[PDB]
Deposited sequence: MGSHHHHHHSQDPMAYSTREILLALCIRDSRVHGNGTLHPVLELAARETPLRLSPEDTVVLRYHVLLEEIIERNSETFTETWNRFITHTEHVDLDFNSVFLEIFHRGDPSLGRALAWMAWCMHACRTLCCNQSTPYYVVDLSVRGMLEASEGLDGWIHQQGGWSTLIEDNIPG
């Protein structure tokens, strides 16, 4: 599984836990376009979902404020996702990787539960986070993959 696949599966899974029973069309589309091969009910996804939820709960206010300033100040959502990714990943710690994945999953949850959010905002955000996250593939590969990182290590 690539980072983009695991992130998208975590977002899908999180929507099933928090939402109204309808997957956002944007998540359906990214599943179609990615070829998502990983099930959101796969045990590695449930385990990461626990870890990312703990990080969110522990950073709940800072996640809300950072998301709120990002989203209210961007004129090009998908480009700016790639900019914050660079700011964090410069050089690559496990904590930093998870902070970014939890922040993305938290942003997706916020976008998808607000029925007033315009489609294009949800769309460009989910595309931006998925594309930016690909920058983690080289590093996670040198750790033997996401499954190995969680089952293990």
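Asks: Could you list, start to end, the deposited-sequence stretches with no C-alpha atoms?
Replies: Seq positions lacking coordinates: 1 to 15, 107 to 108, 171 to 173.
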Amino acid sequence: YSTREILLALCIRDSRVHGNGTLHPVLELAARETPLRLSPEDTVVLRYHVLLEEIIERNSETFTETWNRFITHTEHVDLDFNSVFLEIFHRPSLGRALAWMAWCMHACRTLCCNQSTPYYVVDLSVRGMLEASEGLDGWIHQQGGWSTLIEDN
From here on, numbers count along this sequence of modelled residues.
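Note that the rigid core is defined as the largest set of C-alphas that superpose within 1.5 Å between two forms.
Asks: Rigid core superposed, root mean square over structures and residues, which stretch has C-alphas farther from this form in 5 other deposited structures of this protein, 2 to 10 or 144 to 152?
Replies: Comparing 144 to 152 with 2 to 10, the one that moves more in 5 other deposited structures of this protein is 144 to 152.
Asks: Figure out for me whether 18 to 26 or 129 to 137 is the more displaced stretch in 5 other deposited structures of this protein, taking RMS C-alpha distance from the shown form once the rigid core is superposed.
Replies: Between 129 to 137 and 18 to 26, the one lying farther away in 5 other deposited structures of this protein is 18 to 26.
Asks: Please compare 14 to 22 with 126 to 134 and name the stretch with the higher mean C-alpha B-factor in the deposited structure.
Replies: It is 14 to 22.
Asks: Test of understanding: from the entry's C-alpha B-factors, which stretch has the higher mean, 39 to 47 or 24 to 32?
Replies: Result of the comparison: 39 to 47.
Asks: Could you look up the Cα B-factor of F70 in the entry and say which third of the chain it sits in: lowest, middle or highest?
Replies: According to the entry, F70 has a C-alpha B-factor in the chain's middle third.
Asks: Taking only the Cα B-factors deposited for this chain, tell me whether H106 sits in the lowest, middle or highest third.
Replies: According to the entry, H106 has a C-alpha B-factor in the chain's lowest third.
Asks: Can you tell me whether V121 has a C-alpha B-factor in the lowest, middle or highest third compared with the other modelled residues of the same chain?
Replies: According to the entry, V121 has a C-alpha B-factor in the chain's lowest third.
Asks: Using the B-factors in the PDB entry, rank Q115's C-alpha atom against the chain and give the third, lowest, middle or highest.
Replies: According to the entry, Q115 has a C-alpha B-factor in the chain's highest third.
Asks: Against its chain's modelled residues, does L86's Cα B factor rank lowest, middle or highest third?
Replies: It belongs to the middle third of the chain when residues are ordered by C-alpha B-factor.
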